[PDB]
Amino acid sequence: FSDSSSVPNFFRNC
Amino acid sequence: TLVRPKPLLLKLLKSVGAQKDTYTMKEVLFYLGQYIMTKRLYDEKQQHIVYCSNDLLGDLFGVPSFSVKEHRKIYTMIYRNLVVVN
């Protein structure tokens with residue numbers, strides 16, 4: 001919930 | 001942080017597999033992510049933007065779209081839809 005470049009990157013491994 | 005989702009939020013969480021009434025905020029965010037991705041709500045060519053006017057998520061959040069860059073705004077929309085218990 002910290003990389004906000006994309007919805008998949010924001011959620012990946014979170 | 002332990003929370004009790006209100007009925008609409010609870011419904012969305014359970015729709016992606018959740019089976020309880022009390023959650024951590026980590027769990028709420030996880031399940032909302034699963035919901036957003038399974039419903040294909042993010043713009044394939046502008047992937048930080050979620051379009052939700054044709055979805056219950058838009059009813060929940062009270063917006064037709066939002067950006068995952070807007071963390072404070074998203075927290076506000078989520079907190080409106082639950083009661084924090086600790």
# chains A, B, ... in the order shown; residues from 1 in each chain; ligands from 1

call {"tool": "select_by_dssp", "arguments": {"residues": "range 37-70 of chain B", "states": "alpha helix (DSSP H)", "output": "MDAnalysis selection string"}}
result
chainID B and resid 37:38 56:61

call {"tool": "closest_atom_pairs", "arguments": {"of": "chain A", "to": "chain B", "cutoff": "8 Å", "atoms": "only C-alpha atoms", "output": "Markdown table"}}
result
| residue | atom | partner | partner_atom | distance |
| --- | --- | --- | --- | --- |
| A:1 | CA | B:29 | CA | 7.9 |
| A:4 | CA | B:69 | CA | 5.2 |
| A:5 | CA | B:48 | CA | 5.8 |
| A:6 | CA | B:48 | CA | 4.1 |
| A:7 | CA | B:48 | CA | 5.2 |
| A:8 | CA | B:37 | CA | 7.6 |
| A:10 | CA | B:68 | CA | 7.6 |
| A:11 | CA | B:33 | CA | 6.3 |
| A:14 | CA | B:30 | CA | 7.0 |

call {"tool": "write_last_selection", "arguments": {"atoms": "N, CA and C atoms", "output": "compact mmCIF listing (two decimals), in the first residue's frame"}}
result
# COMPACT_ATOMS: atom_id res chain seq x y z
N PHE A 1 0.84 -1.20 0.00
CA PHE A 1 0.00 0.00 0.00
C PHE A 1 0.86 1.23 0.00
N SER A 4 2.51 3.97 -5.46
CA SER A 4 1.22 4.34 -6.05
C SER A 4 1.29 4.53 -7.53
N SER A 5 2.25 3.86 -8.19
CA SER A 5 2.36 4.00 -9.63
C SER A 5 1.21 3.33 -10.33
N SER A 6 0.61 2.28 -9.74
CA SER A 6 -0.49 1.57 -10.37
C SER A 6 -1.21 0.82 -9.29
N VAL A 7 -2.47 0.45 -9.55
CA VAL A 7 -3.22 -0.35 -8.58
C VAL A 7 -2.50 -1.66 -8.39
N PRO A 8 -2.03 -2.45 -9.37
CA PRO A 8 -1.35 -3.70 -9.03
C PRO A 8 -0.09 -3.48 -8.24
N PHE A 10 0.50 -1.05 -6.09
CA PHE A 10 0.14 -0.63 -4.75
C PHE A 10 -0.22 -1.80 -3.89
N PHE A 11 -0.86 -2.83 -4.49
CA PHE A 11 -1.27 -3.99 -3.69
C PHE A 11 -0.32 -5.17 -3.68
N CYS A 14 1.32 -6.97 -0.50
CA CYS A 14 0.91 -6.16 0.63
C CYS A 14 -0.28 -6.82 1.26

call {"tool": "residues_around", "arguments": {"residues": "residue 4 in chain B", "least_positions_apart": "5", "cutoff": "8 Å", "atoms": "only C-alpha atoms", "output": "tab-separated table (two decimals) with N, CA, C and O atoms, in the first residue's frame"}}
result
chain	number	residue	atom	x	y	z
B	21	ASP	N	-16.52	-10.60	10.65
B	21	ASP	CA	-17.12	-9.29	10.87
B	21	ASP	C	-16.13	-8.24	11.37
B	21	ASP	O	-16.38	-7.05	11.25
B	22	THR	N	-15.01	-8.69	11.92
B	22	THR	CA	-13.97	-7.79	12.44
B	22	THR	C	-12.67	-8.04	11.68
B	22	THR	O	-12.27	-9.18	11.46
B	23	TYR	N	-12.00	-6.95	11.30
B	23	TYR	CA	-10.82	-6.99	10.44
B	23	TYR	C	-9.73	-6.07	10.95
B	23	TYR	O	-10.01	-5.10	11.65
B	82	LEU	N	-16.83	2.29	8.34
B	82	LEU	CA	-16.55	1.32	9.39
B	82	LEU	C	-16.51	2.01	10.75
B	82	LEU	O	-16.57	3.24	10.85
B	83	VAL	N	-16.43	1.20	11.80
B	83	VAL	CA	-16.18	1.70	13.15
B	83	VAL	C	-14.90	1.07	13.66
B	83	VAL	O	-14.76	-0.17	13.69
B	84	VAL	N	-13.94	1.91	14.05
B	84	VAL	CA	-12.70	1.43	14.63
B	84	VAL	C	-12.97	1.06	16.08
B	84	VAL	O	-13.59	1.83	16.81
B	85	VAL	N	-12.52	-0.12	16.48
B	85	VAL	CA	-12.74	-0.59	17.85
B	85	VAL	C	-11.47	-0.61	18.72
B	85	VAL	O	-11.56	-0.60	19.94

call {"tool": "atom_distance", "arguments": {"atom1": "CA of residue 3 in chain A", "atom2": "CA of residue 58 in chain B"}}
result
22.7 Å

call {"tool": "select_by_dssp", "arguments": {"residues": "range 2-86 of chain B", "states": "strand (DSSP E)", "output": "JSON, numbers by chain"}}
result
{"B": [2, 3, 4, 5, 23, 24, 42, 43, 46, 47, 48, 49, 50, 51, 65, 66, 67, 82, 83, 84]}

call {"tool": "atom_distance", "arguments": {"atom1": "CA of residue 53 in chain B", "atom2": "CA of residue 20 in chain B"}}
result
27.1 Å

call {"tool": "residues_around", "arguments": {"residues": "residue 54 in chain B", "least_positions_apart": "2", "cutoff": "12 Å", "atoms": "only C-alpha atoms", "output": "tab-separated table (two decimals) with N, CA, C and O atoms, in the first residue's frame"}}
result
chain	number	residue	atom	x	y	z
B	39	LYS	N	-12.79	-6.82	-10.29
B	39	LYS	CA	-13.82	-6.08	-11.02
B	39	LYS	C	-13.25	-5.27	-12.18
B	39	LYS	O	-13.99	-4.62	-12.92
B	40	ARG	N	-11.92	-5.29	-12.33
B	40	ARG	CA	-11.22	-4.59	-13.43
B	40	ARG	C	-11.49	-3.09	-13.42
B	40	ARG	O	-11.68	-2.48	-14.48
B	41	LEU	N	-11.47	-2.49	-12.24
B	41	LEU	CA	-11.92	-1.10	-12.11
B	41	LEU	C	-10.84	-0.09	-12.42
B	41	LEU	O	-11.16	1.08	-12.66
B	50	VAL	N	-8.85	4.54	-10.53
B	50	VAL	CA	-9.96	3.61	-10.40
B	50	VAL	C	-11.24	4.31	-10.84
B	50	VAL	O	-11.53	5.40	-10.36
B	51	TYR	N	-11.99	3.67	-11.74
B	51	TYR	CA	-13.31	4.14	-12.17
B	51	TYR	C	-14.37	3.26	-11.54
B	51	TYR	O	-14.34	2.04	-11.71
B	52	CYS	N	-15.29	3.87	-10.81
B	52	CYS	CA	-16.22	3.10	-9.99
B	52	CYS	C	-17.67	3.58	-10.01
B	52	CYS	O	-18.47	3.18	-9.16
B	56	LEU	N	-20.75	-0.82	-6.99
B	56	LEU	CA	-21.05	-0.51	-5.59
B	56	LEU	C	-19.92	0.23	-4.86
B	56	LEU	O	-20.19	0.97	-3.92
B	57	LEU	N	-18.68	0.03	-5.29
B	57	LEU	CA	-17.57	0.78	-4.70
B	57	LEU	C	-17.76	2.30	-4.81
B	57	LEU	O	-17.41	3.04	-3.89
B	58	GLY	N	-18.33	2.75	-5.93
B	58	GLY	CA	-18.64	4.16	-6.10
B	58	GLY	C	-19.71	4.65	-5.14
B	58	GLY	O	-19.65	5.78	-4.67
B	59	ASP	N	-20.68	3.79	-4.85
B	59	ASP	CA	-21.71	4.10	-3.85
B	59	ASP	C	-21.07	4.18	-2.47
B	59	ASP	O	-21.35	5.11	-1.69
B	60	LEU	N	-20.18	3.23	-2.18
B	60	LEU	CA	-19.47	3.17	-0.91
B	60	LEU	C	-18.62	4.43	-0.67
B	60	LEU	O	-18.68	5.05	0.39
B	62	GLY	N	-18.59	7.26	-2.56
B	62	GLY	CA	-19.26	8.52	-2.94
B	62	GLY	C	-18.55	9.31	-4.02
B	62	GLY	O	-18.67	10.54	-4.07
B	63	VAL	N	-17.80	8.62	-4.87
B	63	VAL	CA	-17.07	9.25	-5.96
B	63	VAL	C	-17.16	8.39	-7.22
B	63	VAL	O	-17.37	7.18	-7.12
B	64	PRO	N	-17.01	9.01	-8.40
B	64	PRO	CA	-17.05	8.20	-9.62
B	64	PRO	C	-15.68	7.66	-10.02
B	64	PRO	O	-15.59	6.76	-10.86
B	65	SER	N	-14.63	8.23	-9.43
B	65	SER	CA	-13.26	7.80	-9.66
B	65	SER	C	-12.38	8.33	-8.55
B	65	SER	O	-12.75	9.27	-7.84

call {"tool": "atom_distance", "arguments": {"atom1": "CA of residue 6 in chain B", "atom2": "CA of residue 72 in chain B"}}
result
19.8 Å
